[PDB]
Number of protein chains: 4
Amino acid sequence: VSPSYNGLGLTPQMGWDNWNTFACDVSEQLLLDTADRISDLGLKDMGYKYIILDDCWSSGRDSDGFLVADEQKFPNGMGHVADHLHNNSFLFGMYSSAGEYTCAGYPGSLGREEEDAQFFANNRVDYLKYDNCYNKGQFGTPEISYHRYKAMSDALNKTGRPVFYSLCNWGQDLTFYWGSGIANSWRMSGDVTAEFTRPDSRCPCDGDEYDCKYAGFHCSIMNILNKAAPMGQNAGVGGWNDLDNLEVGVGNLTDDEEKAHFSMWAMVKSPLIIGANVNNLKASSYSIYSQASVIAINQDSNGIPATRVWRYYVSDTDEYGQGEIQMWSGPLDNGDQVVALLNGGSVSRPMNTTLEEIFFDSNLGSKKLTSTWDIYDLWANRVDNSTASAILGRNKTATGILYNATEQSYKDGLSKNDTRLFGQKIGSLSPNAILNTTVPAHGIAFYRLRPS
Amino acid sequence: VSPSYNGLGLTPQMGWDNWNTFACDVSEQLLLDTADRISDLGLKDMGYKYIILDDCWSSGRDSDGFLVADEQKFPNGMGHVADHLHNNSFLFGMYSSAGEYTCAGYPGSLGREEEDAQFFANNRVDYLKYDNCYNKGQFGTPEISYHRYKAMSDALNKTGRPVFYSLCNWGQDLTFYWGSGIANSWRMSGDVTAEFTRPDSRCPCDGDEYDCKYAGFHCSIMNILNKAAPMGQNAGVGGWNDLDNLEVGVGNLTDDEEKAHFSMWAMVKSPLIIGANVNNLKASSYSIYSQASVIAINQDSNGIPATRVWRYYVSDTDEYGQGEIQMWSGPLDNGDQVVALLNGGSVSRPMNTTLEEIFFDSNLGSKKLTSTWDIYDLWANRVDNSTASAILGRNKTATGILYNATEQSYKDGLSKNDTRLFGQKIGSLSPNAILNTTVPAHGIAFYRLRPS
Amino acid sequence: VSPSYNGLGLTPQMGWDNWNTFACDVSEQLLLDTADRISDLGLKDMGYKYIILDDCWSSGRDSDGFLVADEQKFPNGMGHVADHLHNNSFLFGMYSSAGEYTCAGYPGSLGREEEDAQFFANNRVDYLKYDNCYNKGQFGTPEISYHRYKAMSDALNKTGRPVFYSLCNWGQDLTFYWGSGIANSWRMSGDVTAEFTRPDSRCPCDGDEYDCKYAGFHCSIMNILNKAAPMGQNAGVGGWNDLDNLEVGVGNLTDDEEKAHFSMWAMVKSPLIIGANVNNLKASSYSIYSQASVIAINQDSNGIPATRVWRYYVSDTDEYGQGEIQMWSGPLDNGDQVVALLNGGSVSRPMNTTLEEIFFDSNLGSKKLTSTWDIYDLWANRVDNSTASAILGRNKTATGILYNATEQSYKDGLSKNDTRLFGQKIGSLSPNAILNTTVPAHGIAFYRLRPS
Amino acid sequence: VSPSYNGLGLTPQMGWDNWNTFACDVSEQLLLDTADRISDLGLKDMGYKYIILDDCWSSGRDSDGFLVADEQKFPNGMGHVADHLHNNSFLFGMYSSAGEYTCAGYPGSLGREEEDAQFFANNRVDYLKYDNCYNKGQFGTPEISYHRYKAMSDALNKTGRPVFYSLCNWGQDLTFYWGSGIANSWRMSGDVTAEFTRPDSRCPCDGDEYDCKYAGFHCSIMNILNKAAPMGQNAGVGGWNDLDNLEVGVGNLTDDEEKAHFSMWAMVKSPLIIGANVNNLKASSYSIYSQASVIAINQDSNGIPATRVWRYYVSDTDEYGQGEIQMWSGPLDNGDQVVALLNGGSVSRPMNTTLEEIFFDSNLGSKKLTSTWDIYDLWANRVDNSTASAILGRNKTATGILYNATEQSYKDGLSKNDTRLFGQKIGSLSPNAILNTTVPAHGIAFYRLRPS
Ligand SMILES: *[C@@H]1O[C@H](CO)[C@@H](O)[C@H](O[C@@H]2O[C@H](CO)[C@@H](O)[C@H](O)[C@H]2NC(C)=O)[C@H]1NC(C)=O
Ligand SMILES: OC[C@H]1O[C@H](OC[C@H]2O[C@@H](O)[C@H](O)[C@@H](O)[C@@H]2O)[C@H](O)[C@@H](O)[C@H]1O
Ligand SMILES: OC[C@H]1O[C@H](OC[C@H]2O[C@@H](O)[C@H](O)[C@@H](O)[C@@H]2O)[C@H](O)[C@@H](O)[C@H]1O
Ligand SMILES: OC[C@H]1O[C@H](OC[C@H]2O[C@@H](O)[C@H](O)[C@@H](O)[C@@H]2O)[C@H](O)[C@@H](O)[C@H]1O
Ligand SMILES: OC[C@H]1O[C@H](OC[C@H]2O[C@@H](O)[C@H](O)[C@@H](O)[C@@H]2O)[C@H](O)[C@@H](O)[C@H]1O
Ligand SMILES: *[C@@H]1O[C@H](CO)[C@@H](O)[C@H](O)[C@H]1NC(C)=O
Ligand SMILES: *[C@@H]1O[C@H](CO)[C@@H](O)[C@H](O)[C@H]1NC(C)=O
Ligand SMILES: *[C@@H]1O[C@H](CO)[C@@H](O)[C@H](O)[C@H]1NC(C)=O
Ligand SMILES: *[C@@H]1O[C@H](CO)[C@@H](O)[C@H](O)[C@H]1NC(C)=O
Ligand SMILES: *[C@@H]1O[C@H](CO)[C@@H](O)[C@H](O)[C@H]1NC(C)=O
Ligand SMILES: *[C@@H]1O[C@H](CO)[C@@H](O)[C@H](O)[C@H]1NC(C)=O
Ligand SMILES: *[C@@H]1O[C@H](CO)[C@@H](O)[C@H](O)[C@H]1NC(C)=O
Ligand SMILES: *[C@@H]1O[C@H](CO)[C@@H](O)[C@H](O)[C@H]1NC(C)=O
Ligand code: NA
Ligand code: NA
Ligand code: NA
Ligand code: NA
């Protein structure tokens with residue numbers, strides 16, 4: 001454990017990034033309309049407060065060497081976008097790359113950290129996503145990558161404006177080891193894609209290669225989760241592993257895959273940044289994003305990512321030859337435990353565990369193993385497709401339906417035993433008894449255990 | 001994406017290198033006779049404009065430390081060879097090594113970059129192949145290799161003469177990551193050899209070891225293609241992965257192996273440098289080199305290397321225990337798609353795919369997956385063995401037979417719907433239907449899909 | 001071989017560390033009560049002389065930048081704890097980390113080595129455990145880790161007070177290669193845990209990955225032993241591989257697992273630091289710790305770690321899929337040999353070897369292979385559960401029961417043929433004959449061979 | 001190819017090292033008696049001219065920092081040993097380590113290169129074996145190891161006395177890549193041992209791990225040969241891979257294993273340094289060492305190590321689970337070819353090949369594949385056990401029996417068609433015909449092919 005380096009990231013950040021769905025075709029108008037939508041839908045007040053502008057926003061540099069925002073896309077400048085966002089109680093993110101160019105070929109910040117940090121401060125930016133394209137040979141060992149990333153960290157600090165600092169170097173040179181002292185989160189892999197399991201030749205490292213020499217992209221949800229599994233021990237208050245933006249409401253993932261994806265990103269204390277087009281967001285994907293109970297896990301005070309207890313390969317493999325089952329378990333701040341039974345097989349199956357596996361670090365005869373625990377389904381009381389479609393078509397308000405974390409923080413709601421945050425009691429687990437369920441294909445059983 | 005670093009390599013380079021067939025036994029006369037031949041055969045005007053002189057050309061250094069060309073082999077000097085080439089509208093390549101010696105033991109350029117760059121400029125050289133033999137311990141991490149290669153890059157730039165810069169360090173220290181900002185292409189492996197699949201003990205890294213510590217040589221065509229597969233995402237306008245000179249018309253590859261080799265080098269946007277002895281070039285190998293349709297893929301404006309969609313091992317293995325099948329697919333600038341079904345098995349087989357696999361990045365219900373696509377065989381209208389033998393024996397001209405890209409660029413020919421560049425329509429592919437063919441052993445089915 | 005760098009560590013150190021059982025909840029009173037206990041139980045005079053205070057002891061830094069011990073936990077300061085310990089003939093250990101923070105987030109010593117070394121000297125500290133948390137990017141290659149650790153080594157030396165120097169960097173960057181010239185021992189892995197075999201996702205490197213990029217923790221006893229196996233050749237007088245504190249009397253290991261664990265740590269010349277709560281130490285675990293015969297192996301003058309002769313996987317696997325059998329053998333200073341037959345299978349089994357396997361480096365026809373050897377059981381005459389429970393409840397003294405190594409060193413006791421140190425003769429082994437026994441599940445047969 | 005860096009090592013060196021059989025128990029008298037023996041036995045005049053004194057020769061340093069030879073072991077100093085050796089036409093080798101200590105703990109040369117080089121020059125030393133123990137963190141990347149080794153290289157050069165420079169860093173940090181420009185040979189692995197195949201836990205890298213992080217020792221003959229296999233392409237005139245001293249006449253290898261070992265070290269152009277106790281050398285081992293025909297392969301002018309053509313695992317495995325078969329083939333300077341069929345299986349087997357496999361780099365229809373080749377057995381006319389025992393007991397002279405390479409160099413003897421150097425013609429190999437033999441367990445068929 002260590003204090004946060006800058007006082008931010010006390011829990012993993014939440015928000016939205018305009019990329020996964022809009023590429024270089026961004027404007028003040030897109031960004032603010034979408035911002036309005038996220039507020040209207042009650043997602044802002046759930047915690048999704050960072051509106052992150054991604055690549056392709058700039059037009060080059062002025063005569064003083066200073067970044068210039070594209071005047072066609074942003075006729076009032078960035079500072080003006082910031083103010084609008086702040087006036088609707090949003091936080092504002094921007095993007096650059098620790099290299100000569102950004103990934104899409106725009107001006108990068110390598111060797112221009114001071115001016116560029118100053119640009120972000122002058123434009124009242126609250127958050128920086130900091131990429132790793134065209135890094136000019138400045139990678140290959142922990143030391144050289146750390147110093148390249150420390151250079152922007154220090155330059156942001158020098159501006160005296162608080163900036164949440166988000167590393168995007170894909171776990172290159174063992175980022176989990178060095179990120180915390182200079183940054184609030186770090187991408188620990190190549191880009192995610194809307195595929196639950198699919199191996200891809202553009203993502204050459206498999207789920208077991210957490211230390212990868214070619215991060216790539218188009219990595220599956222499970223490839224990324226698998227790489228992240230040993231890394232939980234290097235995350236914590238102030239500095240989080242980042243498993244990349246959520247693909248919920250993007251492409252063609254099933255409701256089960258989307259739930260597993262969301263539940264798992266939450267449990268390992270990843271940032272929850274929406275990759276969906278929230279103006280073309282479908283009903284089922286919306287109610288996944290807005291599941292307060294699950295966000296409560298992510299936003300646990302003094303957050304500890306959960307541990308993979310076990311992993312087995314099954315014969316029920318999918319069209320891509322993939323098929324495994326996993327159990328994860330982790331402690332929660334109020335003494336509760338989160339448990340996940342994850343069915344990455346291609347068929348529905350019975351899944352099972354015991355108290356000895358759940359409290360994998362408790363001794364025989366300890367109180368945890370000797371006591372009874374009520375089981376709470378974290379997926380109960382999810383917003384039905386009807387209500388969600390209503391809200392999405394502006395026929396019903398989100399107010400009084402969605403949990404309002406701005407009004408009541410996750411910590412305080414948890415203290416007040418707030419039903420919206422614990423799911424639904426479905427049973428109890430005694431010593432020497434098994435916990436059984438049937439878990440859908442590419443799905444999840446996701447529980448919170450509380451003492452009886 | 002990033003701009004070209006020097007304005008060259010807007011498409012992968014094409015030409016000829018005198019090595020694969022002539023070793024140290026080079027002269028002004030060999031080089032110019034061969035040059036004449038490449039022009040006469042219509043290959044120059046197809047795009048094969050770089051005549052690259054390789055190792056063993058020098059005799060040492062003069063009293064000022066300056067490279068001295070062998071006076072027996074080049075009695076008029078290199079500048080004189082350059083002028084002759086330029087007067088027949090050719091471009092001129094030379095060779096050195098980023099080390100103390102070249103691979104064949106001639107003077108290398110390490111620490112002598114300024115003088116040596118100046119030598120190339122003074123002799124009006126247009127292209128440099130820059131090797132990695134005897135590098136004096138200056139390798140082992142990305143940073144140290146990058147700086148060694150940047151040293152020649154900067155020295156070439158300082159001369160003010162445009163020089164296409166071709167790295168030859170065999171992918172050592174992850175060249176795909178750092179090449180583009182200092183160079184126009186980079187060898188991503190040990191030397192190729194005229195063997196389609198054959199594992200070799202002098203090439204210890206298998207096709208899956210893209211990050212290799214001992215690049216070696218005598219690597220098979222498939223070993224090299226396999227290593228190159230994840231790397232396409234780091235290639236693009238201005239900076240290309242180099243899979244080494246073509247072995248078409250060299251050794252004893254079959255017509256099928258030669259077609260697969262050529263089609264695959266094209267599709268991943270490798271340079272197409274002829275390794276053949278063009279004065280002892282056989283009929284079938286000639287018509288492979290001169291297939292305009294396939295070169296059109298390589299010379300696509302705003303080039304994107306294709307992606308390996310899938311790869312499976314088969315039981316139909318060859319004399320060396322090798323046998324796999326692959327599907328590759330990639331977008332083309334005008335909206336078309338290139339598709340390859342590659343049969344590395346030892347027996348002819350039926351091969352098949354669908355629109356969902358071809359447009360592997362398109363969503364269900366998108367227009368691409370919802371529309372019909374005409375299939376064009378990129379191997380149709382290939383110059384028959386008769387016509388090719390005629391041309392080769394100086395009994396028929398190439399004029400009016402071969403596509404003349406000097407007269408009409410590949411881009412413009414593609415715009416004009418020029419039949420010579422699209423192959424032959426053979427069918428159409430509808431939603432929910434399969435695309436089937438029979439693909440020869442160690443062969444390829446190579447298509448261009450256009451919207452109906 | 002090399003001299004000890006500082007004159008210490010002539011044999012592996014022994015003692016106790018307050019962590020495995022007490023975490024941050026430490027005080028002068030805990031530490032001294034426990035110290036009293038270790039003396040009373042006769043363990044001190046067996047060799048367990050280092051009382052090591054671990055993380056969480058400090059409260060920050062004073063106005064001069066100097067470490068400040070927590071005044072609530074240590075109202076008299078550390079120097080006062082030291083004096084008490086020294087007055088009962090104990091040695092005193094403290095802890096820091098070669099990073100910005102300690103693992104539990106207290107002040108670390110990186111860049112503060114001189115002051116911090118001086119703090120330890122001023123407080124009369126005899127031993128330093130030096131961790132690797134929050135090392136600020138200063139790892140990744142042997143050179144950078146060596147210099148970071150050399151910095152504290154030199155600063156300790158500069159104080160002129162002898163300090164036993166114990167590296168805790170988990171074998172990162174091949175510590176076995178560079179530790180000896182700057183240190184007396186080095187952790188060669190992630191943290192141990194009270195699990196004999198259990199794979200854990202927080203310890204991603206398996207037993208075969210001695211060169212690990214993510215040491216982690218919760219590694220099994222066998223995972224750690226397996227990683228240590230090639231490393232014995234880089235240990236010796238003055239500088240020892242450290243396989244982490246003993247889990248004997250911690251969690252729920254069986255008596256067999258505890259014996260194997262203890263016997264194996266001894267044989268490879270690891271430090272024997274008690275991880276147990278000695279005030280809540282059970283009878284069986286106590287008599288394992290106090291087995292003089294086995295400690296005699298660890299404390300062999302001119303110590304050579306034993307060699308793994310063979311390793312095989314068995315079908316008798318445990319609940320975690322683990323199951324292997326091993327034979328280890330090593331020379332002893334007086335010409336004797338230590339032999340271990342280790343049953344990591346889940347079932348009791350017959351185990352067997354010969355003289356040719358025991359003297360794996362002796363030639364055919366040599367005297368060793370030609371002679372007869374008496375077999376001594378190193379586990380005979382172990383303190384029975386009754387006597388141990390008596391001593392533990394303060395109903396019987398340890399005096400005259402336990403070997404007193406303060407009175408008679410292990411070397412001198414070995415010379416005097418002292419029965420307490422050789423175990424019990426159980427037979428003899430002749431040329432061309434097999435040595436057979438039945439070895440319990442997760443257990444060990446542990447012998448000393450002496451010439452007939 | 002590159003010139004020799006210092007003009008030496010035009011062929012691999014030959015000689016004797018006093019270690020494998022005498023450890024630290026060395027003297028002027030041992031060394032000179034043994035020297036006398038090597039001359040008397042005719043081995044000197046065969047090429048075994050370097051008498052290499054190994055570790056444990058020094059007693060520390062004098063008041064000027066200068067190495068001091070042990071006055072008990074060398075009462076006249078080293079220079080006096082040198083002169084004696086030179087007066088019997090021998091060359092003289094000494095030893096140090098690129099570290100703080102030598103492997104046996106004597107003074108090392110790290111940071112003391114100038115004085116120590118000067119010591120070797122002052123004592124008229126002709127050869128240096130330069131180890132890698134206690135290198136103080138100065139390893140881990142090619143660059144850092146190269147510079148450490150270059151430091152002694154330059155210091156030797158500065159003395160102006162020719163010194164054959166032999167690196168002993170066990171292939172650490174890819175020595176094959178950088179050795180040639182600073183040295184005449186380089187150990188490419190951990191120490192050999194008298195075991196043909198035996199895996200050992202002190203040698204964790206298997207035969208496929210040529211790039212090893214823990215070289216270790218007690219590596220088998222086949223483990224070392226396997227690691228060396230890709231490396232032949234980086235050896236050549238002036239700079240050789242070193243597979244460690246010969247174990248012929250050491251331990252208990254069979255006559256077949258000894259022949260295979262010797263034949264294979266020769267074929268890959270390793271140094272041939274005798275590890276045997278030549279005063280306790282058995283008859284069969286002697287006639288292996290003195291096989292002129294095989295040494296002729298090693299001492300080929302313009303030496304090219306042979307290539308492994310193929311390798312297969314067999315079911316006929318030994319007591320250690322090992323069993324493979326290999327074919328090697330390489331060109332010789334006079335146009336001949338060396339072929340080896342190696343039976344690492346546990347049983348005698350038929351072995352076979354063709355001309356297409358022998359001339360693995362020749363095209364179909366080339367002259368090599370189209371011609372007939374006489375097969376010569378390189379093991380014929382070996383000195384029978386009787387004659388060898390006679391010579392060894394000083395009952396018969398070696399003169400007129402052994403080839404005298406001092407009188408007639410291997411090159412010149414090869415030119416003169418000297419029967420002693422080509423073995424015995426046993427047949428001929430035609431196109432489209434197979435070459436068959438039966439090869440003993442752990443043995444070799446070792447041929448020279450000459451054009452008919
Ligand atoms: C995934 O495939 C579904 C069919 O199951 C397909 O409908 C989605 O594309 C979306 O289709 C929507 C149907 O309501 C259409 O209204 C919506 O505009 C469309 N989204 C896009 C980008 O065209 C697929 N999912 C997504 C979001 O791509
Ligand atoms: O309390 C310090 C402790 O550190 C070691 O354990 C390291 C362990 O600490 C946690 O911070 C991380 O989550 C985990 O990844 C690390 O491995 C060390 O082994 C021990 O001696 C002790 O100093
Ligand atoms: O638009 C920037 C984008 O970069 C990341 O994706 C990196 C991706 O970009 C392409 O240039 C390459 O072809 C591919 O190899 C790279 O992996 C990053 O993950 C994302 O957050 C975003 O900044
Ligand atoms: O006597 C020096 C000797 O060193 C080599 O053997 C290295 C060997 O030495 C031991 O100190 C270690 O336990 C073991 O790990 C090392 O591998 C070298 O091969 C040899 O030539 C010789 O100089
Ligand atoms: O003639 C130069 C040549 O070098 C390359 O081939 C490298 C090859 O050369 C030999 O010296 C070695 O034995 C072998 O190990 C090396 O791989 C390069 O691929 C080629 O373009 C050309 O410049
Ligand atoms: C800058 O750094 C110091 C810690 O070094 C910290 O106290 C402060 O909050 C930082 N300021 C900003 C704006 O990040
Ligand atoms: C809501 O919709 C999703 C897909 O859009 C579907 O999978 C799910 O079953 C629906 N929920 C219910 C309870 O029907
Ligand atoms: C040299 O460098 C600059 C870019 O840094 C570029 O504009 C110019 O074209 C280069 N000149 C040559 C001849 O490569
Ligand atoms: C042309 O020749 C090649 C080999 O030289 C042969 O494989 C091929 O079948 C020939 N083409 C046709 C259509 O016969
Ligand atoms: C400090 O270093 C020297 C060796 O360099 C050693 O003789 C001395 O004992 C050391 N002192 C202490 C207290 O460690
Ligand atoms: C002593 O106790 C341990 C467990 O506490 C038990 O396994 C062992 O069998 C006992 N010893 C004897 C000889 O009964
Ligand atoms: C020293 O170096 C030069 C080459 O740099 C070489 O010509 C000379 O022979 C060397 N001298 C010795 C004695 O090694
Ligand atoms: C010579 O002796 C060796 C072993 O010392 C034996 O293996 C070999 O067969 C003998 N040679 C002959 C031809 O008998
Ligand atoms: Na406005
Ligand atoms: Na001319
Ligand atoms: Na006191
Ligand atoms: Na004398």
Side-chain angles (χ1 to χ4, degrees), chain A residues 1-8 121 153-154 156-165 176-177 181 230-236 304-305, chain B residues 17 19-20 23-24 52 54-56 95-97 101-106 129-134 166-170 187 189-192 202-203 214-219 242 244-245 273 275, chain C residues 17 19-20 23-24 52 54-56 95-97 101-106 129-134 166-170 187 189-192 202-203 214-219 242 244-245 273 275, chain D residues 1-2 176-177 230-236 304-305:
Chain A
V1 255
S2 59
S4 176
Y5 93 101
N6 62 353
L8 300 154
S153 191
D154 289 350
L156 291 169
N157 181 271
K158 194 199 158 187
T159 66
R161 181 182 181 78
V163 171
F164 193 108
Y165 190 32
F176 59 84
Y177 266 140
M231 300 184 180
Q233 67 193 110
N234 279 91
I304 306 181
Chain B
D17 178 304
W19 192 257
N20 272 3
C24 299
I52 309 156
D54 204 275
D55 214 334
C56 327
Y95 163 100
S96 199
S97 179
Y101 301 100
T102 66
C103 303
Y106 294 77
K129 164 168 164 180
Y130 200 48
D131 215 318
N132 186 40
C133 287
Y134 307 104
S166 159
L167 273 37
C168 187
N169 85 324
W170 322 309
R187 285 276 304 280
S189 82
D191 298 346
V192 74
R202 300 166 288 178
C203 184
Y214 204 167
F217 67 155
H218 296 276
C219 299
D242 180 2
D244 200 2
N245 300 350
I273 290 145
Chain C
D17 178 304
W19 192 257
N20 272 3
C24 299
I52 309 156
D54 204 275
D55 214 334
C56 327
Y95 163 100
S96 199
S97 179
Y101 301 100
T102 66
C103 303
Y106 294 77
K129 164 168 164 180
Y130 200 48
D131 215 318
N132 186 40
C133 287
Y134 307 104
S166 159
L167 273 37
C168 187
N169 85 324
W170 322 309
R187 285 276 304 280
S189 82
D191 298 346
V192 74
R202 300 166 288 178
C203 184
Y214 204 167
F217 67 155
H218 296 276
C219 299
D242 180 2
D244 200 2
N245 300 350
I273 290 145
Chain D
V1 255
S2 59
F176 59 84
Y177 266 140
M231 300 184 180
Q233 67 193 110
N234 279 91
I304 306 181

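Counting convention: from 1, in listed order, for ligands and their atoms alike. A, B, ... follow the sequence lines: proteins, then strands. Residue 1 opens every chain.
Using a 4.0 Å heavy-atom cutoff, B:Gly190 is absent from the residues neighbouring ligand 5. Within the structure, the closest approach of C:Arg202 to ligand 2 does not fall below 4.0 Å when heavy atoms are considered. Under a 4.0 Å heavy-atom criterion, B:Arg187 is in contact with ligand 5. Between C:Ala104 and ligand 2 there is no heavy-atom distance shorter than 4.0 Å.
Looking only at distances, no side-chain donor or acceptor of B:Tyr134 sits under 3.5 Å from a matching main-chain atom of B:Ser97. No donor-acceptor pair under 3.5 Å is formed between the side chain of B:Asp131 and the backbone N or O of B:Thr102. B:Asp55 places a side-chain N or O within donor-acceptor distance of the main-chain N or O of B:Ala104, the cut-off being under 3.5 Å. Remark: side-chain polar atoms of B:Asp17 are not paired, donor with acceptor, to backbone N or O of B:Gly275 under 3.5 angstrom. The backbone N or O of D:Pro230 sits less than 3.5 Å from a side-chain atom of B:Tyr214, completing a donor-acceptor pair.
Contact of the B:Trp170 side chain with the B:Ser189 side chain is not registered, since no non-hydrogen atoms from C-beta on lie closer than 4.5 Å. With contacts defined as side-chain heavy-atom distances shorter than 4.5 Å, the pair B:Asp244/B:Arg187 qualifies. You'll find the side chain of A:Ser153 reaches within 4.5 Å of the side chain of A:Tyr165, heavy atoms only. Side-chain contact between C:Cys56 and C:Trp19 is present, with heavy atoms from C-beta onward closer than 4.5 Å. At a threshold of 4.5 Å between non-hydrogen side-chain atoms, the residues C:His218 and C:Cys203 do not count as touching.
Interface of C:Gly216 with ligand 2, defined as ligand atoms under 4.0 Å from a residue heavy atom, comprises 17 (O). Under a 4.0 Å criterion applied to the non-hydrogen atoms of C:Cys168, ligand 2 contributes the atoms 18 (C), 19 (O), 20 (C), 21 (O).
Annotation for B:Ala215 and D:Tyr177: closest pair N-OH, 3.6 Å, computed over non-hydrogen atoms.
Nearest protein neighbour of atom 14 (C) of ligand 5, counting heavy atoms only, is D:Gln233 NE2, 3.5 Å. Protein heavy atom closest to atom 6 (O) of ligand 2, with residue, atom name and distance, is C:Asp191 OD2, 2.6 Å. Protein heavy atom at the shortest distance from atom 4 (O) of ligand 5 is B:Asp131 OD2, 2.7 Å. Given atom 20 (C) of ligand 2, the protein heavy atom at minimum distance is C:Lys129 NZ, 3.0 Å. In terms of protein heavy-atom proximity, atom 1 (O) of ligand 5 is closest to B:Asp55 OD2, 3.1 Å.
Pocket lining of ligand 6, defined as residues with a non-hydrogen atom under 4.0 Å away: A:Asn157, A:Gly160, A:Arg161, A:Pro162.
Between B:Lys129 atom NZ and B:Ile273 atom CD1 the span is 8.5 Å, to the nearest 0.5 Å.
The aromatic ring centres of C:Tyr95 and C:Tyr130 sit 6.0 Å or more apart.
Neither the backbone nor the side chain of B:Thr102 comes within contact range of ligand 5; no heavy atom lies under 4.0 Å. With a 4.0 Å cut-off on non-hydrogen atoms, C:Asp54 touches ligand 2 through its side chain and not its backbone.
Around atom 10 (C) of ligand 2, the closest heavy atom drawn from A:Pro230, C:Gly105, C:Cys103, A:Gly232 belongs to C:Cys103.
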